[PDB]
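Shown below, as structure tokens, is a lone chain in the form solved without the partner chain; questions about how it binds or moves come after it.
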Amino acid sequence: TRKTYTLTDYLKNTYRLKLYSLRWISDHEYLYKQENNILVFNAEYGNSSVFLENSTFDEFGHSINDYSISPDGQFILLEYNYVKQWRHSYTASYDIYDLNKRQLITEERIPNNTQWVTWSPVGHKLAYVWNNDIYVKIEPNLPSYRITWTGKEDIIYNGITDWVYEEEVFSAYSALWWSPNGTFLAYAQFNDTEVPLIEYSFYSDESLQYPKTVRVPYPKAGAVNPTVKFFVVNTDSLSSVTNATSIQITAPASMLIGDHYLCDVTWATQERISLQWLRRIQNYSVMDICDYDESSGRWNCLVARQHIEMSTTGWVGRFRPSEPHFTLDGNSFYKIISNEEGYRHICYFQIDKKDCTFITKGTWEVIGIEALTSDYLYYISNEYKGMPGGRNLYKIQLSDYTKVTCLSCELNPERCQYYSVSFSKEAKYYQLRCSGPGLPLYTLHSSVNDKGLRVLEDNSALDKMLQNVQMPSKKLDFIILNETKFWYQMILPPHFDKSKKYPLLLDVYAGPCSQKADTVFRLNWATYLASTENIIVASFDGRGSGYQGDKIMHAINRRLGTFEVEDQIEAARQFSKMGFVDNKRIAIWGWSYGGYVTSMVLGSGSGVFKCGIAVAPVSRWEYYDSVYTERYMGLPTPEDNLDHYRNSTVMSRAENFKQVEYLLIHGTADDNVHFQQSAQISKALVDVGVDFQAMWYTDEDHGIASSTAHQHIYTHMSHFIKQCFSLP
């Protein structure tokens, strides 16, 4: 008999997916690493040369974590001494290498403890942030110009985000934005003076005698938020004036009446910038479009160019208002917004007209706009076959909206139903990346004729390996509840037999705009559970889930911990009725939001689930951060939504855990969902006399992603599931 996909296979990566990560450096060349050499490829013909020999930095004396070539090709920025901070942020050292002199720059180096660095989009200017202030270098070997003087650790952040803006607003650490040709540098400044601190212990190596207390400005729901200001500096003036003026652009009056956020910054032209602002009550946003006034040196935002985006049924955007994509002249833009039926589609705006024109429509959604040329807009959607969990690339003719071509749908329809794309600098070529349901496939295409040029990586080596393995299958389908389709997937054991009763594990996330039923190919823990342990691993996208319109997504508005929890319970009941599930052996697990839902389900008293595992769960919404929580829950005040905040805790359900086996797991240095959240769950369970299993992971954060802890946690959870299901 062929072997199975075992736990050790998962944990040791024996069966590896190959990727093809390229970096476009122009409209027709890309960089690609191969055998630690950086090669440069010609896209049209597929030929290559060595861009940088892998021997180049043998004598560097440090392992180089990443590199970044200046847009003009003249320099390479070398990143080393890399230390992770939060999801996106990190600390590192940097050196610059002159590619023409084939020489390292030893003068006026980027300092130690630099927080962020970026090249200008053209040429080779650098902007970096060090000790919370912005610096610009016009040339890599010359002195820096200081841009801000207010930077203060944990208090004032210039050009980088604080914790909550990084995690919840920008999905990025950087808070600066070069203008398209590099003349201007726009940046945000955050003031956390009165934001309360989360404090937790970090134990470090065993040599550390006293634990360190980590202290981070972190606004929990309803707490004082960071305030924000926006500035633009002319970097071309730096070498001519002693201290160049940062010109502030103020938020509109409709935002200044209360707490608000800066949520998007997008340059439209060399002298026009768009800013979107969001009210703390996140159902109202405003875009200003601001023009540089050459005679006054100021930036002015005409109210005739201001665009309002609001929601009557929920919050604005999927996780925030969408970004605009400006036409070359900057006088019009395209933006994904929810149409009158609640489906997200592409709308076309003139900058000084308030009514836009939808250029796509239907009962499906546009996921993202990927490229815009003078003649075509390229976008990704889930239109194809009415499958919300598929993704394909489309092209729409700007002179005639009835001409829409699917570029990816029929390329390999059995193997490939989930695409992303990477366009060259002026969209002359594109790389398609298919990620399922078959093995991933990376291909290169020419935009002039939409012809396939070549296969970049087809994963045939892996395909060969998997031939000798009893792999599970995946089923993606829907059930109908109240005349609405709700999608599910199942990872099914090899030789699945519909006449047998299998144990079922419900793998849950179920956060707002989540999607756990899709066409993506994964090699993960579920692969082992199905393949080796003969467990069915199911996931369900119920109310609150994304990419299916606002009626579904906004069903949980102001009501987290209700329908999305109920719909997972109902999903399990529906799976029992399918006839191949052992009703005595249904379990549930999740991480993060999934841990909250899992815990809520286990505490519901439904009687459906024998056991479950919550990893780093939210337990009480007042413990989680303001920006995410309030987006869905409003404010925890008597005037707003306090009663539901208080009604949706895990702790209030502690008595019902007497009916289940529960394993609670949390990293002690989780900066995101504080260990506090599980500390309060455990205390509530202790207080009502409920036995349960627990595991803390010393100095692990929300990812529990260190190599040893990752292997440990999946090993511990595997034991627990097997015990619950009486598997030897």
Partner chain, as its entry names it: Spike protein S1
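Residue numbers count along the first chain shown, from 1. Rigid core: the largest C-alpha set superposing within 1.5 Å between the two forms. Only residues modelled in both forms are compared.
Peer 1: Select between 512-520 and 138-146 the stretch whose C-alpha atoms have the higher average B-factor in the entry.
Peer 2: So the stretch with the higher mean C-alpha B-factor is 138-146.
Peer 1: Quick check on the record: does 183-191 or 579-587 carry the larger mean Cα temperature factor?
Peer 2: For C-alpha atoms only, the mean B-factor is higher in 579-587.
Peer 1: Specify which of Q248, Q574, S592, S381 carries the largest Cα B factor in the deposited PDB entry.
Peer 2: Answer, based on the entry's C-alpha B-factors: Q574.
Peer 1: Have a look at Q693, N47, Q676, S682 and flag the one whose Cα has the highest B-factor in the entry.
Peer 2: Answer for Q693, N47, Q676, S682: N47, with the highest C-alpha B-factor.
Peer 1: Per the entry's values, where does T715 land by CA temperature factor relative to the rest of its chain, in the lowest, middle or highest third?
Peer 2: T715: CA B-factor falls in the lowest third of its chain.
Peer 1: Of the three thirds of its chain by CA temperature factor, lowest, middle or highest, which one includes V686?
Peer 2: Its C-alpha B-factor, which the entry lists for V686, ranks in the lowest third among residues of this chain.
Peer 1: Based on the deposited C-alpha B factors for this chain, I'd like to know if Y528 is in the lowest, middle or highest third.
Peer 2: Answer is middle: the recorded C-alpha B-factor places it there.
Peer 1: Among the chain's modelled residues, which third holds the C-alpha B-factor of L664?
Peer 2: Within its chain, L664 is a lowest-third residue by C-alpha B-factor, going by the deposited values.
Peer 1: Would you please rank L22 by its C-alpha temperature factor against the other modelled residues of its chain and give the third it falls in: lowest, middle or highest?
Peer 2: For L22, whose C-alpha B-factor we compare with every modelled residue in the chain, the answer is the middle third.
From this point on, the text means the form deposited with the partner chain bound, which you will not see here.
Peer 1: From the candidate stretches 493-501, 343-351, 408-416, 255-263, select the single one in contact with the partner chain in the deposited bound form, where contact means a heavy atom within 4.5 Å.
Peer 2: Going through the listed ranges, the match is 255-263.
Peer 1: Quick check on this chain: which one of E294, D329, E107, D477 has a heavy atom within 4.5 Å of the partner chain in the deposited bound form?
Peer 2: Residue within 4.5 Å of the partner: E294.
Peer 1: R558, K485, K229, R454: which sits within 4.5 Å of the partner chain in the deposited bound form by any heavy atom?
Peer 2: None of the others qualify; the residue that does is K229.
Peer 1: Spell out, yes or no, whether the shortest heavy atom distance between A251 and the partner chain in the deposited bound form is within 4.5 Å.
Peer 2: The answer is yes: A251 has a heavy atom within 4.5 Å of the partner chain.
Peer 1: If we define contact as a non-hydrogen atom of the residue within 4.5 angstroms of the partner, is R298 a contact of the partner chain in the deposited bound form?
Peer 2: Yes, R298 sits close enough to the partner chain in the deposited bound form that at least one of its heavy atoms falls within 4.5 Å.
Peer 1: Contact between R279 and the partner chain in the deposited bound form at 4.5 Å, heavy atoms?
Peer 2: Contact check for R279: yes, within 4.5 Å of the partner chain in the deposited bound form.
Peer 1: Using 4.5 Å between non-hydrogen atoms, is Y284 touching the partner chain in the deposited bound form?
Peer 2: Yes, contact at 4.5 Å.
Peer 1: The partner chain is absent from this chain, but in the deposited bound form, do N392, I396 and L398 each have a non-hydrogen atom within 4.5 Å of it?
Peer 2: Spot residues vs the partner chain: no contact at all.
Peer 1: After superposing on the rigid core, which residue out of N112, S239, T357, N141 has its C-alpha displaced by 2 Å or more between the shown form and the other one?
Peer 2: So the residue whose C-alpha moves 2 Å or more is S239.
Peer 1: Are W149 and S240 closer or farther apart at their Cα atoms in the deposited bound form than shown, with the shift being 3 Å or more?
Peer 2: The answer is closer, because the C-alphas of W149 and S240 approach each other in the deposited bound form by 3 Å or more.
Peer 1: Enumerate, in order of sequence, every stretch of at least three consecutive residues present in both forms where each C-alpha is displaced by 2 angstroms or more between the shown form and the other one, superposition done on the rigid core.
Peer 2: Residues 239-241 form the single run that moves by 2 Å or more between the shown form and the other one.
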